[PDB]
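Provided below as structure tokens are two forms of one protein chain, presented individually as structure 1 and structure 2.
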Structure 1
């Protein structure tokens, strides 16, 4: 005890494997901003934080109505969780023009299932 299991890295590799590598950026851009370049722009930018596996842009309806508002959610899956956390530290809480940036870890299992609703 008193640090011996940690010195032997006990269960670290499994814990690491279970860490999500997915970041979600919530309501950072508006629907008009989504063009054939956005995914690429986000990919390139996030290379300042890590190796990027893929990016998904999702226009989520808030309500069931024809005119329900949309919230844009941008998902960035990094190669390793440490990268995800560097990105979040650099992005979360910033002002993007007049929008405060919300950058958070997104559940890996949801993401892997294409459940982009949380």
Structure 2
């Protein structure tokens, strides 16, 4: 036709999506060498990408044993999604002090339910 549906923004109010603003940063930290001020350090560093609402550092057990492996997962919630993705693109697949890190978007609902397992 003439693109009429787009031109009149037909049904646009139904089609809005909420975007996650949460980044998960993986493999950044050895679990045996965790800075006391890690949360603050991450907070300040991430200010190079956007307004940071909060940071949670989570030491995740990989099993139930007393000696189960620990993996450090760093969550950063930014004010807006464009900031989250700026941070992800600056970090993901890159090396820091001999560690190759993974940075990805994390589901907002899971984060807001304190489900830090993914």
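Numbering follows the first chain given and starts at 1. We call the rigid core the largest set of C-alpha positions that still match within 1.5 Å between the two forms.
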Superposing on the rigid core between the two structures, the only one of 31, 47, 40, 93 with a Cα displacement of 2 Å or more is 31
Between-form comparison on the rigid core puts the Cα shift of residue 64 between the two structures, in Å, at 1.0
After superposing on the rigid core, the Cα of residue 103 moves between the two structures by an amount in angstrom of 0.3
Between-form comparison on the rigid core puts the Cα shift of residue 13 between the two structures, in Å, at 8.1
